[PDB]
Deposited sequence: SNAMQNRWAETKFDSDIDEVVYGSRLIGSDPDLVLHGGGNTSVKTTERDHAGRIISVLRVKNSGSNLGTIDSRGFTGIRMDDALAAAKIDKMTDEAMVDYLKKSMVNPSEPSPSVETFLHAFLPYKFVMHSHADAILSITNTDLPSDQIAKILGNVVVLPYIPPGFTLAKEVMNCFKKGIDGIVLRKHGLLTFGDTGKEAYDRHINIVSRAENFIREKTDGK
């Protein structure tokens, strides 16, 4: 039975908190059998001394399980949120956009799923390709019955990973929900703190697992 392993309460920094959450998620082979990504929205000074809103998002330099602060690449939120105006973007264009939005271009490339994170207005966001979520969403169960099984969630149909997915995620987000379920892809959870996003992730996946058990 999936367990909830969140033990800490005090962290020195936002990055320490997101690293902690990432490690817990990457430690469960039923949550991360190489993919998944996390993020924290944070305040930083940029090179020009401006205090700015930064999305620190998982990068290509490590898996979630053994991640450290180096594994979080800083993306300007002003830049990322301005992308919401854009209609379509190819994967390639998306990568270029993100590169031009990096607070420090010498950091490792940010997750190709960065826009899932930027476009959800919670401080912490967690994304997995949880096996039990893939199973339940790969059945013929209607989405509404999937939602009744999993809890206070919104369920989205299959959409290929990329910019359109992020736009749909953005638009289906509603105040008060615990998660967004992406059929044939995975799960998004979020919250004001790392624990909130994490607890929501476990509760939903474990409900999925319970149901297919």
message: Missing C-alpha coordinates: which residue stretches of the deposited sequence does that apply to?
response: 1-2, 36, 217-222
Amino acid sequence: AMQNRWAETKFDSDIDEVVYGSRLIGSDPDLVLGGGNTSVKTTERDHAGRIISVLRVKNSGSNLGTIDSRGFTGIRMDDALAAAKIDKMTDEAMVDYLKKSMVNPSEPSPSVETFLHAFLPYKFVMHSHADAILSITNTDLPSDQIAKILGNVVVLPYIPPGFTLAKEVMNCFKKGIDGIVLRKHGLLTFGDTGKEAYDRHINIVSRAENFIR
From here on, numbers count along this sequence of modelled residues.
task: Would you mind comparing 86-94 and 73-81 for me and telling me which has the higher average C-alpha temperature factor in the entry?
output: 86-94
task: Determine, for stretches 144-152 and 24-32, which one has the higher mean CA B-factor as deposited.
output: 24-32
message: Lowest, middle or highest third: which one holds residue 43 when the chain's residues are ordered by CA B-factor from the entry?
response: highest
statement: Of the three thirds of the chain ranked by Cα temperature factor, residue 121 occupies the highest
field: Within-chain third of residue 171 by Cα B-factor, per the entry
entry: highest
task: Just say lowest, middle or highest third for the CA B-factor of residue 65 relative to the other modelled residues in its chain.
output: lowest
message: Ranking every modelled residue in this chain by its Cα temperature factor as given in the entry, which third contains residue 56?
response: lowest
